[PDB]
Each structure stands twice: as structure tokens, then as C-alpha cells.
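Questions regarding the structure given below will be posed in turn.
Chain naming follows the written order as A, B, C, D, E, F and G, and within any one chain the residues start at number 1.
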Amino acid sequence: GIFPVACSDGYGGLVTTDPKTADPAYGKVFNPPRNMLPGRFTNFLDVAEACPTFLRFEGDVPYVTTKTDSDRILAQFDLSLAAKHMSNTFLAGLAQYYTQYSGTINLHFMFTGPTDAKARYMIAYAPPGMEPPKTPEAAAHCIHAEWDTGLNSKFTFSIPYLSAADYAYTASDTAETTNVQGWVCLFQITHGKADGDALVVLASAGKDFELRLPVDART
Amino acid sequence: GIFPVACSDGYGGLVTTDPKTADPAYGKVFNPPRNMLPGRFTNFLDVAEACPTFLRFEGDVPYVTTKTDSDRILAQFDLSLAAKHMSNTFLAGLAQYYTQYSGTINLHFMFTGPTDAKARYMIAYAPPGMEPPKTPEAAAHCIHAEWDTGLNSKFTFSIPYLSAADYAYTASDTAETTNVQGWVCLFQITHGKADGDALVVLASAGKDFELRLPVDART
Amino acid sequence: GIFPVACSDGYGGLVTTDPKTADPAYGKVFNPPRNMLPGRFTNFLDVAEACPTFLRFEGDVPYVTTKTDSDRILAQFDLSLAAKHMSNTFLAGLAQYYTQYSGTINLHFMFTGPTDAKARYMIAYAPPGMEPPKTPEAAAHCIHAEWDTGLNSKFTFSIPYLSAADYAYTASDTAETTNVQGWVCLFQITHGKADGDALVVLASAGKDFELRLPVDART
Amino acid sequence: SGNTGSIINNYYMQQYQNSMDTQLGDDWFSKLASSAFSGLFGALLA
Amino acid sequence: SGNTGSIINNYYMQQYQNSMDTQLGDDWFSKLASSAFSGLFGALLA
Amino acid sequence: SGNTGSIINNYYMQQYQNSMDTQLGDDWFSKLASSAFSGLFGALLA
Amino acid sequence: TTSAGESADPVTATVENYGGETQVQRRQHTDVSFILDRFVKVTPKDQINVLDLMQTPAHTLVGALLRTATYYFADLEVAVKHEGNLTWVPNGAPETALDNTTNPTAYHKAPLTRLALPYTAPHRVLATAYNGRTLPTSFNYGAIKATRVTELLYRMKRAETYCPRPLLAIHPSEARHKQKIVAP
């Protein structure tokens, strides 16, 4: 006799993401050598960490300009990978194909004014549950950093992952009026003859930034 | 050639309770840590043993009150997990999903009267085959226990599993007029100024209580 | 790729007597203990050997009575498990579910007359190929045994398996006029005041009696 | 044990294929048949 | 571990068949039930 | 290596399942990311 | 056995108190993982079906027992009868993803599709009750979609339960709840 087997119902259909391989049909082909070609990347997050990309501000520019008026808010936006301010970054481009994330997001600030232009800035993270601060004094009570201009034109700050759950959603739901993850608040403490000078800002993934659960949602 | 096999008739249909697993489609997902969360339970009978719950008596109350009259019967009901008296217990809630059981059922009695109220009670188990006792004197010949009130307000008694077969049914058949497993009889021997005082009673699973043969019958 | 297999034609249909088992659906059930229950039997022939049962004679009785007349034939029947004389025995009840047999069949004779009644009997086996003997003198030339009554009321005799083939059929074909396996002939040599006394006879399987090839033919 | 003839181990655990027996604390007819008297009760001549 | 009864290893890796648990840094009710008082609170006569 | 989760060896030879690589004579971005400066450029007070 | 009833420390008297003998017990059938590890039918919606264990009817064996846990964890299996291809999407996915085939999609194969899916919520554990009636939308196992879904069955794998809650039997009008029991 021969081995009896049970062809089981509910198994065997093609699944677009299954863990098995197809049967082959054309064997023994050897490829041209390609060892040690430059520029290889094996994980998308390595480039997200190593290559910061530009944020977008009002007017379609990657910078914010120092102002002279009682209003010291340079920029204030929702900490969301779906935010307009992040919409042109590599980070946001990658995040759209995953449903969840956790970890640090780094913001980079580079002063572009002339040598005789000086300024002092403040970056703060305001958690959800209360309206974001409108002044530097109110924002002082949040996690924050202040820095001034000088020989080194760049300053980097880690926006912390703080939430009730261990993961947060990359997408923003339509029934979500107030941002779920808080706000990043960029202030100008003061400046010395820096009117009209630009501070460009970039974003990159931090050491523990993580994306999980791939999803194809169009976009 | 290739391995010959016999696709066997009568095998392979989906069985809602089969011992095999489905094929996977979405791999490598790591869950948020959840080690040592409080309050875990791994077997429903552990909580049935550790957490006694209330019986229900005439009037929708978890107690019986001492009386002053020649009738000394406090309560008398069918030893059945389908009894009205047990209908609000966790034990009965669990039992409805199994067809058979064996083992001990514990009854707990807690006196609630004031310090100057005293009483003496009697609990007896009357086996099937003869009408249950109407008086404490007649019930004396059954397996029974008597106890009085004092510093310790609670008394626990094990109703024994006694039957011809090794298992008994949890459900009660409609063609079953006289209870198959007997009666529990709670009597009041006497009391000293305890008129209107309540004795609350609970039930829990005993050390060898066992439920077997899961069944989904609605309910 | 995956393992290629050939679903073979002619295999896999349900066979009412196949050597394989069905797939399970409801696991982990433990049975009530039943070790060492009395009266167990594991092979039908052990009881056929140990428990002789009654033959049937003219008039629906398990005995033959001594007679006083020149005719000394007490009983004469076809050696066949399908014989009317064997129709009420356990042996015949078992044999109907098999097509072939070989081996010894034991006949038991028990004298039932009073202490002052004596007799001498003769049992003979007449093989096929010649008409069975009508007298004890003619039957003397066959395999036979003679015995008389006394303190021990019972006598047992082995009817031998004698045939051309190694097995014989349990059933009797309709085109079979003369019995294929011969005749058993019970004679009365003489008696002393035993008129009307009964000799009861039983049959049991011998040490090498064997049944083979199960068959369900109705009956 | 009965009418079963596969040389390979059953794919499913015994605990699922069959009910499990428990202990407390052809047997009888085989012993009865084996104990049967099989000789002659008297004296034998030639 | 639950209602599973195959004696052969699953064809697919564990990493695909199920989600993977991570660690940080019947448990409670089993301990509670096991700790239950099971005697007599007083003195025993015969 | 990618999204594959079978614990059994492929029935077909590697020479048939895939093309074969040859040699002559996350690499770069992994090294780049690992080499990132991660401290403070100045003096630290408390 | 007398004791202080106000205490709450469990007390378990035995038949030994009056000369009896406690027997052996086998409780495999009341093991949590075992009892929940079986399929339960749910009434589906025509196309989009969010996978949510709370859809199980409360009176069913799986539905009732699941509700006796306030917090739980489990991987999942589904068996679905559907027309066209079936697409599953993880927790947190935009509804629009249900139409894109690169997300786990099973091509039709009579008579139904059985799939093993991983826990995918952002929480370390889920709940059957949440005091915030209505549960947070993040309490789900993703969603499925097909031209038409006719049958949907859920099966909890590796289940874990925390903090027991009430489990109610039927309340009889008579002295006992009587039912016609299977008999020859």
C-alpha cells in the first residue's frame, strides 16, 4: 500500500505574504560577480539614522527665521509622523508603510546667520493632556533644552518617546482632533541682530527608534 | 518518480475543535513585555476553590434568618449545580459548560447577628432514595454537623460526593422529578435572642472537585 | 519549492474494515477506573472451550432417552456446524460468523437415570464416502468409544478433524445433498432397567478447534 | 491492538486519539479454559 | 500547550507561527487556593 | 533569509532554487550609522 | 472547620473532618489555555470585519469564559468562508489598506480559509472591560475584508487570563433549571 494522507480544508490557498518558496524551473545560472559594490544598505533604519532630512515650514522652506516681536514662537507642531512639518522627511516616507513605532526622534538645528548675528533658542516637548505652551516661561516646566550660536552651528536634541502604551500609531485617525503624542515647541529666547536669519532644521531616527507591522495603505 | 500518496476519504474537513494549527502569514512580531502582571489565573477551578460566592434564598438574598416557631428548617434544596439556590454562584456559572463532575462542594456559613445573639445550627446531607428529613431529630441519622456561634463567625462543611457512578451530571434532565443527588438540609437547633438575625451562606469548590467534558449548551 | 507528491488513483476510499484510525476531535478525557472487573474474556474460543452447551434432539430437548427395541440408534446427525442438532449451541452461534474451521469438537454425555438404572453406550465417527452405519456391529470398524454408567455420570469424546483439505466450511451449500464431513453416530449397546432415562449431551470446542475468515452473512 | 496495521506512529498524541484509562488501588475465561481436565479419570490398559 | 495534539514539530518556525514574547528587567490564584486553611480551628475529641 | 519560515530543507537543490553568485578577486550604511557621534561636544556641569 | 469569616483568607474544609477521604482530581478541562483553544462562531458583516474578541456572544462557552477575565493575552486563528480574496491588515492600519493585496491576502480556495495571526495591539495586554460598555478602538486584532464574508470563526491561542470577574449561569424560575438531556 501507500502512505495515507489527509488533504486539509482551509489550507493551501496562495497567501501574498506566505513564508514558503515556489518550485524552480530554470536551473544552474551563475551571476556576474558583484561583491563589494559601494553604497550598500541592509536596513532602512540605518539610513534613517545616518541621513537626517529637512522639515517643512510655512511657505515650503526647511527653515524658520528669527523674528523681532513679542511673539517668540518659532514653530509648534504635532509630534506625529503624519504632520505636515515632517511630510518631506525620509523618516515620514518610511513610517507610512508601518502601523506602529516607539523610540527616539532626533531634531537637528543649524544656524545660518552671519558671524555678527547671535541668538539663543529653546526646544521643548509638551506631552498630551494639556494645551501646548505659548511662551518660553510656561514651556520651561516641560522637558527642554536651550542653546546659543557660536563656532559650532548645529545642535541636536532627542524628542523622547513618552506614552501610556509601549507603541504609538504612525498614522493619525480622522476622529483624532487633539494630537495623541504631544507637541514639539521651538522658541526664540532672544537674539542679537539676527533679524531675517535662518535656522534650518532636520530630523533623523534616534538609537532606539523602531518601526513595526508593515502595511500597504496607498500613499 | 515522486512519492505516491493516498488522499483519504473521511479526513481533512475543518473540525471546530481539532488539535492542529493553521498556517501562518505574518511573521516576526515581538510583543510588548508583560511578565509578572498581577492577578493571573491558569485554571478556573483554582478561583472556584479560593473565592467562595453567595447562595440565593427566597426573596433574592444571600442569607437565611433565624426564626421562632416549631418549624426549624432554615433551608432545604436539591444538591444540584442547576439548583435555583446555586444559580448565582461562580461554581454554577462554570458548571454549565461541562456535562459531568465529581468531588466535594464546600458550604460556608457566617453568622451576622449582634454579640448578644446566640444560635446553634445543623447542616445535613440526605442521600437520594428517601424523602429528605423534616426535623433535626430525623436528620441526625444522616451525615451531619452541628455548631454554635461565638468568636469565630464562620463554619465550613464539605458536602460529600456519594453516587452509584463515578461522575454525576451537572445539568438536570426535564424527566427528572426527584433530585438524583440528594438534598442539603440546613436546620436551626435553637437560638438565644437571635430573631431576625442573618446567617449568610457561600459555596466553593473542595480539594477534589472536578469538572469534565466541556459543552456549549447556550445559557 | 515544496515536496511533490502523486495523489494515486484507486487509493483512499473508505473501506469498512481498513487498518487505520480516524482523526481525533475531543481530547484529554480520563475514564473511571475499571481494573480487575470480574468475568473478562478476550477470545471467543476460550469460552467455547470452557463452557459446553446443549445439543438439540427431536422434540426440542437436550437429551436422548434409552429405548427397548431392536433399533439401537440413539442419534445420528451430520457433522456440520449448520446441523439442526447443533443449532442451539454457542459453538454454532460463533461459527456462523466465519467461513472456515479445523480442529476438534468435543461431545459430552451425562447420564441422568436413577442409581439402579445402568447402560452401555457407543459413540462413533463415520467419515464421508459411504453411508453411515445403522448398527453398533457395523460401526465398530469406525473410530469409536464405548462406556458404561457408574459413579461418574459424564463421558467426553473428541470428534476428530479428518478431511482432504486443511480447512472445512462452516456453512453448508444448498447443492450439498450428502454431508461433506461425515456423521456422528450415537448408539445404545444395551441397558439394565434404564427405559425412559435421559442421556443429555453437550458440545464444546477442543484444544485445536479453530475458526478463521470472519464473514457477516445475516442469520 | 485489534484490527490496526500501520507501522508508523500515529500523528496525534495518544491523549487525543483515545480516552485515557485510570487505575484504582483473556483473564478469567482464558484461565478457566487452560485449567480444563484433559486426561483419563481411570486406569489405562495398553 | 492548550488544545494541541500533534507529535511532530510544526513545519513553520516559531517566529512565524506565533508572536514572540519579550521580557522586562496558575500563578496568583493557584497560590491562593494552595494556601487555603484545611483543618479544624479548635481541639478535637475522638 | 528574508520572509521565509520553513524548518525543513528545500526539496530542490540550491543550484535550481536560486541563481548562483560568483566572486571576483548593512555594510556601508550600517557602519555610517554606527560611527555617529553620540555625546556632548563641550564641558558638562552637574 | 470554624474560622474568622470577615478575613477573606480562603478556607477549604475536607470530608476528612467527619471520616471521609478526599479523592484524586484531574482538572485538565478547566485549564485556561485548553478551554479557550477552540473555534467560536460570530455573525459577520458583509465586507469589512474588525477582528475583535468581544464580538463573541456572551452566552457561548468562549464568550462567557473570556469575559471572566478582565485582562487577557492571546494569539489568534480565524476560519473564514468568503467570496473573492481575503485581505487581513494589522492593528493600527488605515481602513484603506484593506484593498491592497500586498497586505496578507489569501486567494480563494474552497471551502474556506484558515489563518494563524499574531497579537498585534500596542498594549502589553488587552481588556474585556475598561473604565474610561465601550472599549478603546486600539483593542483589536486588525481587520479583514473580502467581496463577501459568510462565516467567521475565532480561536484563541496561548491564552492568558488575569483578574477573574463574575460568570453567571441561567437563573431558573423553578427550584432547578431543567433541560432535555441527550438520551437514546
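Note that in this section a residue touches a chain if its C-beta (ideal position, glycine included) is under 8 Å from a C-beta of that chain, and two chains touch if they have at least 3 such contacts.
Enquirer: Give me the step distance from chain E to chain G, shortest route via touching chains only.
Expert: 1
Enquirer: Have a look at B-C or A-C and name the one that copies the A-B interface, over half of its contact pairs being the same.
Expert: More than half of its contact pairs match A-B, so it is B-C.
Enquirer: Which pairing of chains accounts for the highest number of C-beta contacts?
Expert: The chain pair with the largest number of C-beta contacts is B-G.
Enquirer: Can you give the whole-Å distance between the Cα centres of chain A and chain C?
Expert: From the centre of chain A to the centre of chain C is 93 Å.
Enquirer: Taking each chain's centre as its mean C-alpha position, how far apart are chain D and chain G in Å?
Expert: Going by mean C-alpha positions, chain D sits 46 Å from chain G.
Enquirer: Suppose each chain is reduced to the average of its Cα coordinates; what separation in Å results between chain B and chain C?
Expert: Inter-chain centre distance comes to 58 Å.
Enquirer: Distance between chain D and chain F based on Cα centroids, please, to the nearest Å.
Expert: Comparing mean C-alpha positions, chain F is 64 Å from chain D.
Enquirer: At which residue positions does chain F touch at least two other chains?
Expert: Residue numbers touching two or more other chains: 3, 5-6, 10, 12, 17.
Enquirer: Please output the residue numbers of chain G that touch at least 2 other chains, ranges allowed.
Expert: Residues 1-3, 10-14, 17, 26, 29, 31-34, 38, 79, 90, 104, 106, 111-112, 114-116, 118-120, 122-124, 157, 164.
Enquirer: Among all residues of chain B, which ones touch two or more of the remaining chains?
Expert: Correct list: 3-8, 11, 14, 17, 19-27, 29-34, 38-43, 45, 47, 49-50, 152, 207, 212-213.
Enquirer: Which of the residues in chain A come into contact with chain G in the complex?
Expert: It comes out as residues 9-17, 99-100, 165-171, 173, 213, 215-218.
Enquirer: Give every residue of chain D touching chain E within the complex, in rising order.
Expert: Residue positions touching the partner: 9-13, 15-16.
Enquirer: Once bound in the complex, which stretches of chain C touch chain G?
Expert: 28, 30
Enquirer: Applying the document's contact rule, which stretches of chain E touch chain D when the two form their complex?
Expert: 5-8
Enquirer: Over in the complex, which chain F residues touch chain B? Could you list them?
Expert: For chain F paired with chain B, touching residues are 3, 5.
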